[PDB]
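Undergrad: To start, I am sharing the structure in question, which I have written as structure tokens.
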Amino acid sequence: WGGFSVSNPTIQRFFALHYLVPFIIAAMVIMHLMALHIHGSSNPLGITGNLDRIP
Amino acid sequence: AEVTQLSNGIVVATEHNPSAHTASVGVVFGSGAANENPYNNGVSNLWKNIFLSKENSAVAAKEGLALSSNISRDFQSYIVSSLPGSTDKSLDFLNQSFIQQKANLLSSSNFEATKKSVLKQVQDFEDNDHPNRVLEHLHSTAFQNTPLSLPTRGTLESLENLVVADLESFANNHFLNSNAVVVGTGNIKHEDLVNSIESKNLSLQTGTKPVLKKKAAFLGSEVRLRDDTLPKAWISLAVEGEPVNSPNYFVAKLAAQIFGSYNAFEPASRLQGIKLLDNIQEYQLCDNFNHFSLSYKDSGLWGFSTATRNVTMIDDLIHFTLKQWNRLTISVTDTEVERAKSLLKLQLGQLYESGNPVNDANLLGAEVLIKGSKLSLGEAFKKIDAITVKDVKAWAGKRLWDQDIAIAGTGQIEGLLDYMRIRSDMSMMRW
Ligand code: HEM
């Protein structure tokens, strides 16, 4: 809180942390897309893709 | 000296060679494996193979004759080859085979020994001759539901469904005089044959024309025969080309000439002055390729054909090549064009000027059928050379750029990409 209540040192850190974090999501979206990448997407059939891929 | 052409009912054509050790005579029916139908396919290749069954070929083997036969798409030929002096020994043996005899070759012991060998024939082809197999299907899909589609050697399907009653059904309609031309090639005179021809009487089904079908047509399409057990990958691709007797017949053959034909093994091939070659060789994208402008009476196929053991990188293979094809429209070097004109001539030669009479026959027979006469090499060359760059930049500009293609293939072609890719590489992005 940085003090007695949700006060001023609070909204100010909440702004700063609001700036920071979306880059963390994006950082994380990248590992998320990396995992996605090494196995590739599934299908509305839950069988193997490897017989009929398109780009 | 300029090829002879005279008709007394039987259009008699000949072409003299004073330095030929032998000669050849025969007929060419102006209707081939593209005058057939869906379920009688291979009837024209069935006719060829009785004509060479031991029976008739032992006859002409005492006589000293050798027989030659081939079926194309627009045409169909029956040739006999012997020494130039035994020139009546040819004409008579021809006469026997095509007006005299009928059921002497059409036995139920003959025909069920030919059809039981044109069946093994078309079962090694589609089994182990992938480059032509691929090449053949290319027609099947580009010219789907239309004359050219029918494979020349016929489907193993419509080839076990055919009896002798069907060999004739095609014979008595399309084996006429008003659809044929008699040829004289090699070491004989015009006044030797057309004399020995008006020596013989009779007339088979006079007044009769052969019949017609819906004229052929072309449509962008694929057909893919994946086979991951076959060590290579075979692909053939093309656009709606140019017919025989088309304004750009030569313009189009010059284009093919540019990119040409590769064999990654013959060090000679590796050095050709072909731009595309710069790319393909870096990683060894393929084992070979070659181009073409196949011309037929009604429609044509400009494209190319490739084999490759390189499976992960076929996608570039097709890419580099189809991009090169774009230059033909937008940026072809004039000095490339000359190397074309030049090389076309050398190729167009060994085509027309080979020391083998049987070839000069079909060549003659087919051409003197479609346009009436043959065209001389000097005539051809006079045209080839007229060709500017603008010749090639307006032909590609209609025929090549952003037009539907026609792919086919077999082997490890998982890597061969899709149709909206491939087709899309027909153009390049412009401002
Ligand atoms: C920033 C938020 C997210 C982004 C940018 C994102 C991105 C993607 C993309 C682009 C794909 C490929 C297209 C698709 O399959 O939908 C995908 C699939 C997938 N996502 Fe995400 N996603 C997000 C959130 C999530 C969340 C919140 C979860 C789980 C809690 C998740 C788990 C998965 C899984 C398991 C797949 C594979 C789906 C399949 O097999 O088709 N993702 N995601």
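Just so we're on the same page: first chain in the structure tokens is A, next is B, and so on; residues restart at 1 for each chain, and ligands are numbered from 1 in the order they show up.
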Could you give me the residues within 6 Å of ligand 1, counting only C-alpha atoms and all ligand atoms, as a VMD selection string?
TA: chain A and resid 29 41 to 42
Undergrad: For chain A versus chain B, which residues have an atom no more than 9 Å away, and what is each residue's nearest atom pair and distance in Å rounded to one decimal, using only C-alpha atoms, chain-then-number order, as a tab-separated table?
TA:
```
residue	atom	partner	partner_atom	distance
A:51	CA	B:414	CA	8.6
A:52	CA	B:414	CA	8.8
A:53	CA	B:414	CA	8.9
A:54	CA	B:418	CA	7.2
A:55	CA	B:418	CA	8.1
```
Undergrad: Please report the interatomic distance between atom CA of residue B:98 and atom CA of residue B:60 in Å with one decimal.
TA: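 Separating atom CA of residue B:98 from atom CA of residue B:60 is a distance of 14.3 Å.
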Undergrad: Would you list the contacts of residue B:382 as a PyMOL selection string, taking every protein, DNA or RNA residue within 12 Å and counting only C-alpha atoms, but skipping same-chain residues closer than 4 positions in sequence?
TA: chain B and resi 250+341+345+375-378+386-387
Undergrad: Hey, what's within 8 Å of stretch 192-209 of chain B if we count only C-alpha atoms and toss same-chain stuff fewer than 3 positions away? As a ChimeraX atom specification, please?
TA: /B:8,12,87-88,91,99,173-174,176-179,184,188-189
Undergrad: Give me every alpha helix (DSSP H) residue in stretch 332-374 of chain B, going by DSSP on the backbone, as a PyMOL selection string.
TA: chain B and resi 334-352+357-370
Undergrad: Calculate how many Å separate atom CA of residue B:55 from atom CA of residue B:96, rounding to one decimal.
TA: 13.4 Å
Undergrad: Looking only at the backbone, which of the residues in stretch 182-387 of chain B does DSSP tag as strand (DSSP E), as a ChimeraX atom specification?
TA: /B:182-186,221-226,233-240,261-263,288-295,300-308
Undergrad: As an exercise, work out the distance from atom CA of residue B:399 to atom CA of residue B:260 in Å and give it to one decimal place.
TA: 17.8 Å
Undergrad: Could you give me, as a list in words, the residues within 10 Å of residue B:342, counting only C-alpha atoms and dropping anything in the same chain fewer than 6 positions from it?
TA: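 Counting only C-alpha atoms, the residues come to residues 254, 257, 336, 381, 384 and 385 of chain B.
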Undergrad: Quick one: everything within 7 Å of residue B:23, counting only C-alpha atoms, minus sequence neighbours fewer than 6 positions away in the same chain. Send it as a list in words.
TA: residues 81, 82, 83, 84, 185, 186, 187, 188 and 357 of chain B
Undergrad: Identify which of the residues B:125, B:383, B:373, B:404 lies closest to residue B:2, counting only C-alpha atoms when measuring atom-to-atom distances.
TA: B:373
Undergrad: Residues near residue B:228, anyone? I mean within 9 Å using only C-alpha atoms, not counting same-chain ones fewer than 6 positions away, as a PyMOL selection string.
TA: chain B and resi 410-414
Undergrad: Output C-alpha atoms for every residue in the selection just made, as a PDB file, in the first residue's frame.
TA:
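Result saved to again.pdb:
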```pdb
ATOM      1  CA  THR B 410       4.270 -38.956 -57.572  1.00  0.00           C
ATOM      2  CA  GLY B 411       6.899 -40.153 -55.120  1.00  0.00           C
ATOM      3  CA  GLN B 412       7.774 -38.115 -52.038  1.00  0.00           C
ATOM      4  CA  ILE B 413       5.631 -35.102 -52.910  1.00  0.00           C
ATOM      5  CA  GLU B 414       4.402 -34.150 -49.437  1.00  0.00           C
TER       6      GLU B 414
END
```
